[PDB]
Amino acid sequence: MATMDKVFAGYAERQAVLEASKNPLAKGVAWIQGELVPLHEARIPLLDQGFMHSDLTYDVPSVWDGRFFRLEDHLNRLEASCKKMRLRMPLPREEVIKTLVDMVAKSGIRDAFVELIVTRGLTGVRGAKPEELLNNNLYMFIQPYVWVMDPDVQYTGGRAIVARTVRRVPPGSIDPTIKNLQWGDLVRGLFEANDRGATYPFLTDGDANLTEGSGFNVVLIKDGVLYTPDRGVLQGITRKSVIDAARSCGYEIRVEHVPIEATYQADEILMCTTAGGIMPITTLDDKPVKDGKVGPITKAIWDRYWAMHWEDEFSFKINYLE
């Protein structure tokens, strides 16, 4: 399984079973202070600082065909984000994983979006001593796999703009390697994209370089070489997988500063994210990207990315039997 047709046929088959389910957890499940609740019924304390000041980090691993994909990479990134924020995982890792796998199994969901959120808790940083800020809260949930680009659009590629009315929050305000939900710039980018008849905004760093978009990294392909911005962006696990895939497929990939001009000169463009995978861009600022077709290197990356989902090195099988 890794041509688009094969990957999507498997998804379609599993999705048909899931859409027919009468399981009250089939639309997702949340873990709230040690209790499982259907996702759409889940509630959190008003006073949680994750809401009061978006004072949190989070991470989103995924399950594909009943297999957790790169879960340890996501959990290590979450731990790193927590350390940077002076937060601590409220449960030890074996309990986190045990709980996630139980949630997935109970839901019956085979292709899942999985989110963990660690918040400061009920006491705000403002006016507190460090010792008063150690009771951090954890929220976790799973839901049916989410597509930032629908399967059918991945065949043709999507429409992007380089945002001109907004730029990325600079690392000296918020470190973008700490995964966070402070989406003020990204939401402005989304509205700009919609106003300009596109779906995906690419944000600059306000100094004429490409950064990332609204929840995805961006990779440019130029003369058989892949390029992706180093600074100013989340170091995506999908991006990590694209770096692995490039080397697997025998291409070079450069993680470095990418002048915005390079977007206009690119042979192929793709976006990457856990919620959707490898997402080609074939129109930029209302003009085709080269010939306006999904490029061959993109297709090689696409196939290898998905093939990784069935390899032990990158995934593990969840037991759904209860």
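Numbers for residues come from their place in the sequence shown, where the first is 1.
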Mean CA B-factor: is it higher for 195-203 or for 241-249? 241-249
Which has the higher mean CA temperature factor in the PDB entry, 219-227 or 175-183? 219-227
In the PDB entry, which of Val29, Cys272, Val60, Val294 has its C-alpha at the highest B-factor? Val294
Have a look at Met52, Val37, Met279, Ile44 and flag the one whose Cα has the highest B-factor in the entry. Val37
Within-chain third of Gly232 by Cα B-factor, per the entry: middle
Tell me, lowest, middle or highest third: where does the Cα B factor of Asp73 rank within its chain? lowest
Lowest, middle or highest third: where is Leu56 by C-alpha B factor in its chain? lowest
So, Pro144's CA B-factor, relative to its chain, sits in which third? The middle
The third of the chain into which the C-alpha temperature factor of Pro92 falls is the middle
